[PDB]
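In what follows, a structure is listed as structure tokens, so that the remarks can point back to it.
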Amino acid sequence: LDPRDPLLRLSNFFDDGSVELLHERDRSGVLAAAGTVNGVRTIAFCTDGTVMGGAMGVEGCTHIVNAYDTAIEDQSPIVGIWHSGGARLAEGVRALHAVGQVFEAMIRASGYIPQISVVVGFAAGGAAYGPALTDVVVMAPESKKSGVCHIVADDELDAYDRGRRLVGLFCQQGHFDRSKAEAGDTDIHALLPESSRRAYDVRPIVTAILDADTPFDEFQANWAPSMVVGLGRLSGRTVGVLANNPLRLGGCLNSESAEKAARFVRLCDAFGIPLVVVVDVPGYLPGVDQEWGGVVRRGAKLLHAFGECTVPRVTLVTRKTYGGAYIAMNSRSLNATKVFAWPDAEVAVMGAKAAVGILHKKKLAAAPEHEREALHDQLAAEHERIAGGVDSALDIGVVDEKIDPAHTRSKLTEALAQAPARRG
Amino acid sequence: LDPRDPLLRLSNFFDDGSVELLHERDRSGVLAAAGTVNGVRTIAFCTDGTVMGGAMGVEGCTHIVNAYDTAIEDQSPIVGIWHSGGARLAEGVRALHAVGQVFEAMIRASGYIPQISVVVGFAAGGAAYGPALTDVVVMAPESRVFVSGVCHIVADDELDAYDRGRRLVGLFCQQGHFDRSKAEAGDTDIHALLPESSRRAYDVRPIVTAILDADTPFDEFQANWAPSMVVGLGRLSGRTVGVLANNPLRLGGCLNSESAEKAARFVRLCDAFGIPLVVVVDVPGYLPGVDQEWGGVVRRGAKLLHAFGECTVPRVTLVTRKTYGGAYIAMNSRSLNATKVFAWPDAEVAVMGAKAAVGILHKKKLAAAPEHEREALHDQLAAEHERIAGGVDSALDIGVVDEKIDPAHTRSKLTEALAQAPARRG
Ligand SMILES: C[C@@H](Oc1ccc(Oc2cnc3cc(Cl)ccc3n2)cc1)C(=O)O
Ligand SMILES: C[C@@H](Oc1ccc(Oc2cnc3cc(Cl)ccc3n2)cc1)C(=O)O
């Protein structure tokens with residue numbers, strides 16, 4: 001059989017022997033079917049790369065729409081397998097219309113049933129926008145469109161594999177397990193650099209929080225690299241993680257990271273998936289040139305996403321969190337479920353040196369130039385002794401609890417478990 | 001510092017003698033008040049630029065939050081007047097928390113009561129992000145936002161800024177009703193505004209203004225951002241409507257990343273407040289960034305599909321000259337549940353232009369043809385393709401256009417469809 005055969009593709013995705021066609025096979029360019037993915041009833045459709053290179057037509061789109069109606073009715077996840085040059089030129093406006101009806105079905109399904117796209121071949125035009133409307137896009141390398149693909153697989157087979165795991169993440173979310181959280185506790189603080197000025201990759205910290213032999217399904221690893229987001233399991237339960245990554249742009253927020261974070265927050269909130277927000281961010285940045293439009297607009301959207309969120313969302317401040325960025329990273333003012341801080345964490349308007357340069361500008365300016373750098377450092381030291389600490393923020397109430405980093409897992413799990421499924 | 005006195009500014013904005021302060025005056029850096037705007041009960045607050053440059057602190061932010069709670073409780077529009085360098089740094093994290101609570105209030109109000117910002121001075125940091133969370137930002141030129149599409153309306157001066165601020169609350173809060181007699185009395189031959197040649201570019205704005213009431217301003221949003229797309233509020237037979245229109249004068253009228261984003265936000269705004277939409281379509285395609293980055297147009301375009309697809313206010317489409325391909329689907333097509341789709345007689349609804357279509361469908365015959373005859377062949381191939389594809393009659397047959405109309409009744413036909421639609425569904 002040709003490798004592009006849609007029944008072959010469907011069969012490699014679904015549980016063995018579970019495939020049930022939803023319609024008679026034809027020359028429409030689409031084959032849709034029901035089946036199971038590790039037991040859970042799932043709907044899927046596959047564009048047929050053997051007919052007109054998978055081009056989307058009236059009858060094909062109609063099968064997709066029927067599959068969507070079926071999935072919506074049964075509340076089943078729906079998975080599309082894509083390989084298609086786009087709309088069938090010969091079918092004219094009729095095909096355009098039919099493609100649009102696919103979009104409208106996906107929009108009706110949005111936030112109601114999970115939608116996973118597995119792009120296994122070239123996908124252009126309507127076949128690029130189709131996946132763009134779904135919740136998670138898995139791409140095989142054999143298939144610039146920056147930020148559109150969430151997960152890059154090794155090949156086609158690995159792509160169905162990640163696709164299958166995603167069905168489990170969304171449809172078998174499970175329960176938190178306090179005993180497993182404690183059993184996985186480690187000293188996560190040890191993963192930080194000795195110097196508080198040195199940059200590090202946050203991912204080992206994310207990995208240490210999540211269950212040990214469970215994959216971290218990171219989204220968009222190569223887009224907006226100053227932000228890390230993705231799905232995993234914490235004591236068996238599906239969680240989404242967001243984490244500033246000091247390794248890139250000093251972990252600062254900017255237009256694309258804010259966009260990446262906001263979309264991820266909205267996706268998890270839509271499906272009842274609780275969030276862990278690992279914060280270590282000194283500030284935020286404009287684009288090339290000094291354009292602030294993006295980070296203002298996207299930043300606002302980030303605020304909106306956390307603000308309206310109802311799933312549990314717990315913040316952990318590892319090292320430092322400053323200013324407006326502090327506010328946007330799931331702060332108490334935006335109704336965070338709980339905010340924890342490691343012992344040596346700093347929560348402040350800005351660095352003590354910068355703070356002092358502003359608060360004592362005139363004293364510093366009026367001081368003799370030779371006594372000045374010493375005066376600045378002395379004032380900073382005294383500022384730092386009364387402002388910035390965890391104990392100050394505790395006092396104000398914007399940090400709920402300072403925690404031993406050896407208890408990060410259990411503490412996080414405990415806070416998430418005590419929150420309602422929906423409120424805040 | 002008299003001119004930046006908040007009471008003065010609040011008084012310059014509200015109807016004369018309607019100011020009722022919501023709290024004792026102080027040095028918190030904000031003053032909040034209730035009042036009227038052409039009789040509509042309105043809540044407002046002004047940052048106090050005479051105190052530490054309007055810097056935002058715990059007490060001031062608290063007044064803003066109580067103002068929001070009052071507006072939300074009484075379902076009143078709320079207007080912020082902004083002049084602030086940022087947060088009261090000496091308050092430390094306390095100030096950060098307080099500014100966040102302002103954001104959180106704006107979020108609670110989002111889509112529930114109209115929020116209008118009037119930026120009259122330097123607005124930085126938190127004072128930049130606050131207005132970004134509201135629905136319409138008006139900016140006086142004697143000012144600057146800092147920490148691009150963030151400003152929707154640029155006024156002539158501070159008083160002009162208050163005047164537009166005031167008109168805006170009228171658009172949101174006194175939306176009125178459609179009026180057939182007035183719609184018809186304003187009918188003109190709108191098609192006459194197009195060039196003779198279907199290949200010439202033109203500014204779509206006179207077409208929009210021809211549709212809207214003759215003696216009523218068209219409040220265009222973001223005129224200098226995403227210029228291939230025009231959006232804005234105006235009145236149609238006295239009724240507040242939103243207008244979206246591709247503008248052929250810029251980038252051929254093509255969709256792209258920021259035009260899709262501009263359109264999507266505007267759709268969601270009108271949908272939130274029960275404001276019906278007129279979509280004027282003349283779009284031949286869509287574009288990547290000039291570096292060939294398609295990411296934006298894909299992500300933002302999908303957001304436009306979503307905005308129209310979920311929309312429940314009435315929304316009617318008018319195809320004037322052409323609508324092609326994927327851009328056709330996105331511009332409030334029947335497949336996304338458009339309320340009604342009108343087309344002018346010579347309009348084209350198609351996958352692409354006939355010349356382009358044939359060039360693909362018959363690439364081989366064309367390339368085989370002798371060089372001095374390949375042009376006559378291309379043209380005869382095109383003419384026969386458009387005998388059978390692309391016209392309004394065909395589109396009527398398929399069902400993607402509901403009615404071909406005489407352009408001289410454009411304004412009244414649009415009014416009729418919007419007026420007779422359910423206020424919610426589709
Ligand atoms: C000290 C500083 O205080 C600020 C600065 C900004 C601010 O508000 C926001 C809001 N959303 C943001 C979102 C992102 Cl992605 C980044 C930064 C953001 N900042 C709130 C307080 C200032 O006033 O000078
Ligand atoms: C012939 C052509 O047909 C298309 C192309 C694209 C398409 O889907 C969309 C969806 N949203 C869009 C949004 C915008 Cl702002 C622009 C273009 C958009 N296109 C649907 C059909 C193709 O398949 O090649």
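Order determines the names: the first chain of the structure tokens is A, the second B, and so forth; residues in each chain are numbered 1 upward, and ligands are numbered 1 upward as they are shown.
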All residues within 9 Å of ligand 1 are required, counting only C-alpha atoms and all ligand atoms; please report them as a PDB file with N, CA and C atoms, in the first residue's frame.
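Output contents, as saved in pocket35.pdb:
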ATOM      1  N   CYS A 252      13.408  37.691  29.991  1.00  0.00           N
ATOM      2  CA  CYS A 252      12.441  38.789  29.913  1.00  0.00           C
ATOM      3  C   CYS A 252      11.203  38.437  29.101  1.00  0.00           C
ATOM      4  N   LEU A 253      10.076  39.047  29.455  1.00  0.00           N
ATOM      5  CA  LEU A 253       8.897  38.991  28.602  1.00  0.00           C
ATOM      6  C   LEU A 253       9.104  39.910  27.402  1.00  0.00           C
ATOM      7  N   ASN A 254       8.449  39.577  26.296  1.00  0.00           N
ATOM      8  CA  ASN A 254       8.378  40.447  25.133  1.00  0.00           C
ATOM      9  C   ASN A 254       7.106  40.075  24.391  1.00  0.00           C
ATOM     10  N   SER A 255       6.894  40.663  23.215  1.00  0.00           N
ATOM     11  CA  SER A 255       5.669  40.433  22.439  1.00  0.00           C
ATOM     12  C   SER A 255       5.347  38.954  22.193  1.00  0.00           C
ATOM     13  N   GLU A 256       6.291  38.200  21.638  1.00  0.00           N
ATOM     14  CA  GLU A 256       6.016  36.797  21.322  1.00  0.00           C
ATOM     15  C   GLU A 256       5.890  35.891  22.546  1.00  0.00           C
ATOM     16  N   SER A 257       6.670  36.144  23.596  1.00  0.00           N
ATOM     17  CA  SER A 257       6.574  35.297  24.789  1.00  0.00           C
ATOM     18  C   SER A 257       5.228  35.518  25.475  1.00  0.00           C
ATOM     19  N   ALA A 258       4.799  36.775  25.525  1.00  0.00           N
ATOM     20  CA  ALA A 258       3.484  37.107  26.063  1.00  0.00           C
ATOM     21  C   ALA A 258       2.368  36.443  25.261  1.00  0.00           C
ATOM     22  N   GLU A 259       2.514  36.431  23.938  1.00  0.00           N
ATOM     23  CA  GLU A 259       1.537  35.772  23.083  1.00  0.00           C
ATOM     24  C   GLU A 259       1.541  34.267  23.337  1.00  0.00           C
ATOM     25  N   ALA A 261       2.580  32.677  26.029  1.00  0.00           N
ATOM     26  CA  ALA A 261       2.014  32.399  27.347  1.00  0.00           C
ATOM     27  C   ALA A 261       0.486  32.554  27.352  1.00  0.00           C
ATOM     28  N   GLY A 283      12.281  41.726  33.794  1.00  0.00           N
ATOM     29  CA  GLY A 283      11.630  42.810  33.078  1.00  0.00           C
ATOM     30  C   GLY A 283      11.068  42.383  31.734  1.00  0.00           C
ATOM     31  N   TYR A 284      10.822  43.357  30.856  1.00  0.00           N
ATOM     32  CA  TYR A 284      10.250  43.092  29.528  1.00  0.00           C
ATOM     33  C   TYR A 284      10.863  43.976  28.437  1.00  0.00           C
ATOM     34  N   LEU A 285      10.663  43.599  27.177  1.00  0.00           N
ATOM     35  CA  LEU A 285      11.425  44.196  26.084  1.00  0.00           C
ATOM     36  C   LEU A 285      10.548  44.586  24.899  1.00  0.00           C
ATOM     37  N   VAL A 295       4.355  44.221  22.618  1.00  0.00           N
ATOM     38  CA  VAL A 295       4.393  43.812  24.021  1.00  0.00           C
ATOM     39  C   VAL A 295       3.276  44.474  24.832  1.00  0.00           C
ATOM     40  N   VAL A 296       2.832  45.657  24.405  1.00  0.00           N
ATOM     41  CA  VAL A 296       1.671  46.268  25.049  1.00  0.00           C
ATOM     42  C   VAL A 296       0.393  45.464  24.744  1.00  0.00           C
ATOM     43  N   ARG A 297       0.078  45.292  23.458  1.00  0.00           N
ATOM     44  CA  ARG A 297      -1.081  44.503  23.042  1.00  0.00           C
ATOM     45  C   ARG A 297      -1.034  43.060  23.548  1.00  0.00           C
ATOM     46  N   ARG A 298       0.067  42.353  23.296  1.00  0.00           N
ATOM     47  CA  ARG A 298       0.167  40.954  23.729  1.00  0.00           C
ATOM     48  C   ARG A 298       0.219  40.853  25.260  1.00  0.00           C
ATOM     49  N   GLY A 299       0.918  41.795  25.896  1.00  0.00           N
ATOM     50  CA  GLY A 299       1.004  41.838  27.349  1.00  0.00           C
ATOM     51  C   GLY A 299      -0.375  41.970  27.971  1.00  0.00           C
ATOM     52  N   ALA A 300      -1.166  42.913  27.457  1.00  0.00           N
ATOM     53  CA  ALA A 300      -2.569  43.072  27.847  1.00  0.00           C
ATOM     54  C   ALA A 300      -3.359  41.760  27.750  1.00  0.00           C
ATOM     55  N   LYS A 301      -3.158  41.041  26.652  1.00  0.00           N
ATOM     56  CA  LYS A 301      -3.799  39.744  26.464  1.00  0.00           C
ATOM     57  C   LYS A 301      -3.363  38.725  27.516  1.00  0.00           C
ATOM     58  N   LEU A 302      -2.087  38.761  27.897  1.00  0.00           N
ATOM     59  CA  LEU A 302      -1.586  37.895  28.965  1.00  0.00           C
ATOM     60  C   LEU A 302      -2.318  38.218  30.272  1.00  0.00           C
ATOM     61  N   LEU A 303      -2.404  39.506  30.610  1.00  0.00           N
ATOM     62  CA  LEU A 303      -3.162  39.947  31.789  1.00  0.00           C
ATOM     63  C   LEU A 303      -4.573  39.393  31.778  1.00  0.00           C
ATOM     64  N   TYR A 322      10.295  41.236  38.988  1.00  0.00           N
ATOM     65  CA  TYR A 322      10.302  42.695  39.068  1.00  0.00           C
ATOM     66  C   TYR A 322       9.149  43.356  38.313  1.00  0.00           C
ATOM     67  N   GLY A 323       8.621  44.431  38.888  1.00  0.00           N
ATOM     68  CA  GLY A 323       7.783  45.376  38.158  1.00  0.00           C
ATOM     69  C   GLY A 323       6.547  44.847  37.452  1.00  0.00           C
ATOM     70  N   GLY A 324       6.280  45.392  36.266  1.00  0.00           N
ATOM     71  CA  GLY A 324       5.114  45.007  35.497  1.00  0.00           C
ATOM     72  C   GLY A 324       5.107  43.531  35.147  1.00  0.00           C
ATOM     73  N   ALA A 325       6.288  42.972  34.881  1.00  0.00           N
ATOM     74  CA  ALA A 325       6.407  41.546  34.584  1.00  0.00           C
ATOM     75  C   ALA A 325       5.941  40.706  35.777  1.00  0.00           C
ATOM     76  N   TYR A 326       6.335  41.119  36.979  1.00  0.00           N
ATOM     77  CA  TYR A 326       5.852  40.480  38.199  1.00  0.00           C
ATOM     78  C   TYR A 326       4.323  40.406  38.215  1.00  0.00           C
ATOM     79  N   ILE A 327       3.677  41.501  37.824  1.00  0.00           N
ATOM     80  CA  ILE A 327       2.220  41.549  37.836  1.00  0.00           C
ATOM     81  C   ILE A 327       1.624  40.558  36.842  1.00  0.00           C
ATOM     82  N   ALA A 328       2.187  40.506  35.636  1.00  0.00           N
ATOM     83  CA  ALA A 328       1.648  39.659  34.576  1.00  0.00           C
ATOM     84  C   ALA A 328       1.861  38.157  34.813  1.00  0.00           C
ATOM     85  N   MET A 329       2.927  37.786  35.523  1.00  0.00           N
ATOM     86  CA  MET A 329       3.210  36.360  35.753  1.00  0.00           C
ATOM     87  C   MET A 329       2.389  35.777  36.908  1.00  0.00           C
ATOM     88  N   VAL A 349       9.937  46.174  42.777  1.00  0.00           N
ATOM     89  CA  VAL A 349       9.678  47.047  41.638  1.00  0.00           C
ATOM     90  C   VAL A 349      10.799  46.951  40.599  1.00  0.00           C
ATOM     91  N   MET A 350      12.036  46.863  41.084  1.00  0.00           N
ATOM     92  CA  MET A 350      13.220  46.722  40.237  1.00  0.00           C
ATOM     93  C   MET A 350      14.415  46.369  41.122  1.00  0.00           C
TER      94      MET A 350
ATOM     95  N   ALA B  55       1.978  59.775  39.271  1.00  0.00           N
ATOM     96  CA  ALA B  55       2.440  58.434  39.657  1.00  0.00           C
ATOM     97  C   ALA B  55       1.388  57.662  40.448  1.00  0.00           C
ATOM     98  N   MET B  56       1.212  56.383  40.111  1.00  0.00           N
ATOM     99  CA  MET B  56       0.107  55.584  40.647  1.00  0.00           C
ATOM    100  C   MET B  56       0.479  54.858  41.948  1.00  0.00           C
ATOM    101  N   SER B  84       0.360  60.108  33.610  1.00  0.00           N
ATOM    102  CA  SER B  84       1.091  59.427  34.669  1.00  0.00           C
ATOM    103  C   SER B  84       2.405  58.845  34.181  1.00  0.00           C
ATOM    104  N   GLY B  85       3.476  59.116  34.920  1.00  0.00           N
ATOM    105  CA  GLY B  85       4.779  58.570  34.586  1.00  0.00           C
ATOM    106  C   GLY B  85       4.960  57.117  34.990  1.00  0.00           C
ATOM    107  N   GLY B  86       4.100  56.619  35.875  1.00  0.00           N
ATOM    108  CA  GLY B  86       4.240  55.253  36.359  1.00  0.00           C
ATOM    109  C   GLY B  86       3.847  55.040  37.813  1.00  0.00           C
ATOM    110  N   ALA B  87       4.412  54.013  38.439  1.00  0.00           N
ATOM    111  CA  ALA B  87       4.011  53.635  39.789  1.00  0.00           C
ATOM    112  C   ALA B  87       4.784  54.421  40.839  1.00  0.00           C
ATOM    113  N   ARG B  88       4.157  54.644  41.992  1.00  0.00           N
ATOM    114  CA  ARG B  88       4.860  55.261  43.113  1.00  0.00           C
ATOM    115  C   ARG B  88       5.912  54.293  43.649  1.00  0.00           C
ATOM    116  N   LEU B  89       7.113  54.441  43.108  1.00  0.00           N
ATOM    117  CA  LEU B  89       8.249  53.588  43.427  1.00  0.00           C
ATOM    118  C   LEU B  89       8.544  53.462  44.930  1.00  0.00           C
ATOM    119  N   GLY B  92       6.943  50.625  46.800  1.00  0.00           N
ATOM    120  CA  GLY B  92       7.419  49.271  46.574  1.00  0.00           C
ATOM    121  C   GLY B  92       6.336  48.352  46.014  1.00  0.00           C
ATOM    122  N   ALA B  95       2.542  49.092  45.658  1.00  0.00           N
ATOM    123  CA  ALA B  95       2.081  49.828  44.486  1.00  0.00           C
ATOM    124  C   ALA B  95       1.853  48.900  43.288  1.00  0.00           C
ATOM    125  N   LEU B  96       2.753  47.940  43.093  1.00  0.00           N
ATOM    126  CA  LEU B  96       2.584  46.940  42.040  1.00  0.00           C
ATOM    127  C   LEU B  96       1.265  46.199  42.212  1.00  0.00           C
ATOM    128  N   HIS B  97       1.014  45.715  43.428  1.00  0.00           N
ATOM    129  CA  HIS B  97      -0.223  44.998  43.727  1.00  0.00           C
ATOM    130  C   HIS B  97      -1.440  45.868  43.442  1.00  0.00           C
ATOM    131  N   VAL B  99      -1.726  48.453  41.322  1.00  0.00           N
ATOM    132  CA  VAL B  99      -1.914  48.669  39.886  1.00  0.00           C
ATOM    133  C   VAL B  99      -2.512  47.416  39.225  1.00  0.00           C
ATOM    134  N   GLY B 100      -2.044  46.238  39.640  1.00  0.00           N
ATOM    135  CA  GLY B 100      -2.622  44.982  39.184  1.00  0.00           C
ATOM    136  C   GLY B 100      -4.123  44.890  39.442  1.00  0.00           C
ATOM    137  N   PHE B 103      -5.970  46.571  36.877  1.00  0.00           N
ATOM    138  CA  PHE B 103      -6.053  45.748  35.666  1.00  0.00           C
ATOM    139  C   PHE B 103      -7.180  44.744  35.846  1.00  0.00           C
ATOM    140  N   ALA B 124       2.986  56.223  31.097  1.00  0.00           N
ATOM    141  CA  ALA B 124       4.040  55.207  31.048  1.00  0.00           C
ATOM    142  C   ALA B 124       3.873  54.082  32.069  1.00  0.00           C
ATOM    143  N   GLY B 125       4.459  52.925  31.760  1.00  0.00           N
ATOM    144  CA  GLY B 125       4.398  51.769  32.644  1.00  0.00           C
ATOM    145  C   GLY B 125       2.970  51.305  32.809  1.00  0.00           C
ATOM    146  N   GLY B 126       2.540  51.120  34.055  1.00  0.00           N
ATOM    147  CA  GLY B 126       1.154  50.772  34.342  1.00  0.00           C
ATOM    148  C   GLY B 126       0.134  51.677  33.663  1.00  0.00           C
ATOM    149  N   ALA B 127       0.464  52.956  33.504  1.00  0.00           N
ATOM    150  CA  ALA B 127      -0.445  53.882  32.819  1.00  0.00           C
ATOM    151  C   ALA B 127      -0.430  53.687  31.314  1.00  0.00           C
ATOM    152  N   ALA B 128       0.484  52.869  30.819  1.00  0.00           N
ATOM    153  CA  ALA B 128       0.412  52.480  29.417  1.00  0.00           C
ATOM    154  C   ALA B 128      -0.480  51.237  29.275  1.00  0.00           C
ATOM    155  N   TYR B 129      -0.334  50.293  30.199  1.00  0.00           N
ATOM    156  CA  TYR B 129      -1.077  49.035  30.123  1.00  0.00           C
ATOM    157  C   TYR B 129      -2.570  49.158  30.483  1.00  0.00           C
ATOM    158  N   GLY B 130      -2.913  50.068  31.391  1.00  0.00           N
ATOM    159  CA  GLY B 130      -4.307  50.323  31.720  1.00  0.00           C
ATOM    160  C   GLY B 130      -5.157  50.609  30.490  1.00  0.00           C
ATOM    161  N   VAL B 147       6.783  52.516  27.513  1.00  0.00           N
ATOM    162  CA  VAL B 147       7.163  51.532  28.527  1.00  0.00           C
ATOM    163  C   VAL B 147       8.645  51.152  28.448  1.00  0.00           C
TER     164      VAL B 147
END
- request: Extract, using only C-alpha atoms, all DNA, RNA and protein residues at most 12 Å from residue 38 of chain A, discarding same-chain residues fewer than 5 positions from it, and format them as a PyMOL selection string.
  value: chain A and resi 13-18+161+163-169+171-172
task: Check which residues fall inside 8 Å of ligand 2 when counting only C-alpha atoms and all ligand atoms, and print them as a VMD selection string.
output: (chain A and resid 55 to 56 85 to 89 96 99 to 100 103 124 to 130) or (chain B and resid 255 to 257 259 to 260 285 to 287 297 to 298 300 to 302 304 to 305 325 to 330 351 to 352)
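Any residue of chain A with an atom no more than 6 Å from chain B counts as a contact; using only C-alpha atoms, that gives residues 92, 93, 97, 100, 101, 104, 133, 144, 145, 146, 293, 300, 333, 334, 348 and 349 of chain A.
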Mind writing the picked residues with N, CA and C atoms as a compact mmCIF listing (two decimals), in the first residue's frame?
# COMPACT_ATOMS: atom_id res chain seq x y z
N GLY A 92 -13.94 25.29 -7.69
CA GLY A 92 -14.34 26.68 -7.59
C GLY A 92 -14.85 27.11 -6.23
N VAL A 93 -15.85 27.99 -6.23
CA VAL A 93 -16.33 28.65 -5.03
C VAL A 93 -16.99 27.66 -4.08
N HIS A 97 -16.41 27.42 -0.13
CA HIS A 97 -17.50 27.40 0.82
C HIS A 97 -17.40 26.19 1.74
N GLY A 100 -14.73 26.57 4.20
CA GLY A 100 -15.22 27.44 5.26
C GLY A 100 -16.07 26.73 6.30
N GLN A 101 -16.87 25.76 5.85
CA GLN A 101 -17.74 25.03 6.76
C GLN A 101 -16.93 24.12 7.69
N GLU A 104 -15.86 26.49 10.35
CA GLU A 104 -16.97 26.83 11.23
C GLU A 104 -17.23 25.69 12.22
N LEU A 133 -6.62 26.37 13.52
CA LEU A 133 -7.80 26.54 14.37
C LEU A 133 -7.92 25.48 15.47
N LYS A 144 8.80 30.38 6.13
CA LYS A 144 8.59 30.26 7.58
C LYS A 144 7.12 30.42 8.03
N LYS A 145 6.67 29.51 8.89
CA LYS A 145 5.37 29.64 9.56
C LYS A 145 5.55 29.60 11.09
N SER A 146 6.19 30.64 11.62
CA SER A 146 6.63 30.64 13.01
C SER A 146 5.47 30.65 14.02
N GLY A 293 4.49 48.38 20.67
CA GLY A 293 3.12 48.01 20.34
C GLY A 293 2.78 46.56 20.63
N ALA A 300 -1.17 42.91 27.46
CA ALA A 300 -2.57 43.07 27.85
C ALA A 300 -3.36 41.76 27.75
N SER A 333 -2.67 39.89 42.49
CA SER A 333 -3.60 40.91 42.01
C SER A 333 -4.46 40.37 40.87
N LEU A 334 -3.95 39.38 40.14
CA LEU A 334 -4.74 38.75 39.08
C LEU A 334 -5.45 37.47 39.57
N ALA A 348 10.14 42.63 43.82
CA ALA A 348 10.34 44.08 43.92
C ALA A 348 9.95 44.85 42.67
N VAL A 349 9.94 46.17 42.78
CA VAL A 349 9.68 47.05 41.64
C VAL A 349 10.80 46.95 40.60
- prompt: atom CA of residue 314 of chain A and atom CA of residue 138 of chain A, how far apart in Å?
  reply: 27.7 Å
message: Would you pick out the contacts of residue 409 of chain A at 9 Å or less, using only C-alpha atoms, so that residues sharing its chain but fewer than 3 positions from it are not included, and give the list as an MDAnalysis selection string?
response: chainID A and resid 181:182 184:186 208:210 234:235 405:406 412:414
Restricted to N, CA and C atoms, what would the selected residues look like written as a PDB file, in the first residue's frame?
ATOM      1  N   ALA A 181       3.404  12.778  44.993  1.00  0.00           N
ATOM      2  CA  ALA A 181       4.074  14.079  44.915  1.00  0.00           C
ATOM      3  C   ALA A 181       5.259  14.094  45.863  1.00  0.00           C
ATOM      4  N   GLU A 182       4.989  13.744  47.117  1.00  0.00           N
ATOM      5  CA  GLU A 182       6.029  13.655  48.136  1.00  0.00           C
ATOM      6  C   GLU A 182       7.124  12.675  47.737  1.00  0.00           C
ATOM      7  N   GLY A 184       8.232  12.019  44.946  1.00  0.00           N
ATOM      8  CA  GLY A 184       9.052  12.597  43.893  1.00  0.00           C
ATOM      9  C   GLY A 184       9.791  13.867  44.282  1.00  0.00           C
ATOM     10  N   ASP A 185       9.574  14.336  45.512  1.00  0.00           N
ATOM     11  CA  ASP A 185      10.248  15.535  46.019  1.00  0.00           C
ATOM     12  C   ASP A 185      11.777  15.422  45.925  1.00  0.00           C
ATOM     13  N   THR A 186      12.421  16.486  45.442  1.00  0.00           N
ATOM     14  CA  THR A 186      13.879  16.625  45.476  1.00  0.00           C
ATOM     15  C   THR A 186      14.225  18.076  45.820  1.00  0.00           C
ATOM     16  N   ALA A 208      12.188  18.638  36.956  1.00  0.00           N
ATOM     17  CA  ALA A 208      12.285  18.188  38.338  1.00  0.00           C
ATOM     18  C   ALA A 208      10.925  18.282  39.024  1.00  0.00           C
ATOM     19  N   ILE A 209      10.133  19.289  38.662  1.00  0.00           N
ATOM     20  CA  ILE A 209       8.795  19.439  39.242  1.00  0.00           C
ATOM     21  C   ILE A 209       7.852  18.324  38.774  1.00  0.00           C
ATOM     22  N   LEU A 210       7.892  18.041  37.475  1.00  0.00           N
ATOM     23  CA  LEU A 210       7.006  17.057  36.867  1.00  0.00           C
ATOM     24  C   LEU A 210       7.440  15.620  37.175  1.00  0.00           C
ATOM     25  N   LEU A 234       1.751  15.979  37.004  1.00  0.00           N
ATOM     26  CA  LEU A 234       2.245  16.250  38.338  1.00  0.00           C
ATOM     27  C   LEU A 234       1.459  15.347  39.278  1.00  0.00           C
ATOM     28  N   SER A 235       2.154  14.350  39.819  1.00  0.00           N
ATOM     29  CA  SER A 235       1.569  13.274  40.618  1.00  0.00           C
ATOM     30  C   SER A 235       0.451  12.546  39.867  1.00  0.00           C
ATOM     31  N   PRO A 405      12.700  24.443  49.254  1.00  0.00           N
ATOM     32  CA  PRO A 405      12.712  23.960  47.866  1.00  0.00           C
ATOM     33  C   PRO A 405      12.686  22.431  47.751  1.00  0.00           C
ATOM     34  N   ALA A 406      12.997  21.735  48.839  1.00  0.00           N
ATOM     35  CA  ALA A 406      12.912  20.276  48.848  1.00  0.00           C
ATOM     36  C   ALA A 406      11.460  19.806  48.872  1.00  0.00           C
ATOM     37  N   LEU A 412       3.301  22.427  45.776  1.00  0.00           N
ATOM     38  CA  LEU A 412       2.549  22.798  44.570  1.00  0.00           C
ATOM     39  C   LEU A 412       1.275  21.962  44.453  1.00  0.00           C
ATOM     40  N   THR A 413       1.440  20.644  44.547  1.00  0.00           N
ATOM     41  CA  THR A 413       0.332  19.697  44.455  1.00  0.00           C
ATOM     42  C   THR A 413      -0.719  19.992  45.512  1.00  0.00           C
ATOM     43  N   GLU A 414      -0.274  20.300  46.728  1.00  0.00           N
ATOM     44  CA  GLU A 414      -1.222  20.581  47.802  1.00  0.00           C
ATOM     45  C   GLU A 414      -2.057  21.832  47.493  1.00  0.00           C
TER      46      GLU A 414
END
All helix (DSSP H, G or I) positions in segment 45-238 of chain A, as an MDAnalysis selection string: chainID A and resid 52:54 58:74 89:109 126:132 156:171 178:183 188:191 203:209
- request: Tell me which protein, DNA and RNA residues are within 10 Å of residue 191 of chain B, counting only C-alpha atoms, leaving out same-chain ones fewer than 6 positions away, and put them as a PyMOL selection string.
  value: chain B and resi 207+320-321+344+406-408+410
